[PDB]
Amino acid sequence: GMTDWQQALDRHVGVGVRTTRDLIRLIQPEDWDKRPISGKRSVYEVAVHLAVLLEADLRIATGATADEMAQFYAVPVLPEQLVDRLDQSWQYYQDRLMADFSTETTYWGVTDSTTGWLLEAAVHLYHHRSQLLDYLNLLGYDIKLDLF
């Protein structure tokens, strides 16, 4: 079973993940290195951050070191593995969601509860899903996907 907050997170983070998966599948080959907002991440770089962040944030939450995270971020996610990678991150999140895990103060020093970290990763996901959506719309995709 699960609590009402776990149910809420599973629902809303699952929407986040399924809609992100759909957006990634829209992306055309030509567009991966495009940077619609000069100064910011490319389409592909937004996509990779989205694909890994649900796991990254929870690893950060459980005490991963700066080097451990560098090693984590350095594992390449090629465009064809992005969905597979998102799915893996979503599974990791779901397992933490249901199991009592222990949080620790992060290496750069942010402290939050297990429940707070689970919410942080959720809103971080919606932050970057929005970014990706803005990029694709900047590129003329005119997206008509139900986001809520």
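Residue numbers here begin at 1 and follow the sequence given.
*Asks:* Looking at the deposited entry, does 100-108 or 86-94 carry the larger mean Cα B-factor?
*Replies:* On average, C-alpha B-factors are higher across 100-108.
*Asks:* Determine, for stretches 138-146 and 1-9, which one has the higher mean CA B-factor as deposited.
*Replies:* Stretch with the higher mean C-alpha B-factor: 138-146.
*Asks:* Going by the entry, which of 37, 118, 46, 70 has the most elevated CA B factor?
*Replies:* Each of 37, 118, 46, 70 was compared by C-alpha B-factor; the highest is 37.
*Asks:* Lowest, middle or highest third: which one holds residue 81 when the chain's residues are ordered by CA B-factor from the entry?
*Replies:* CA B-factor rank for residue 81: highest third.
*Asks:* State the tercile, meaning the lowest, middle or highest third, of residue 114 with respect to the CA B-factors recorded for its chain.
*Replies:* According to the entry, residue 114 has a C-alpha B-factor in the chain's middle third.
*Asks:* What third of its chain's C-alpha B-factors does residue 26 belong to: lowest, middle or highest?
*Replies:* Within its chain, residue 26 is a highest-third residue by C-alpha B-factor, going by the deposited values.
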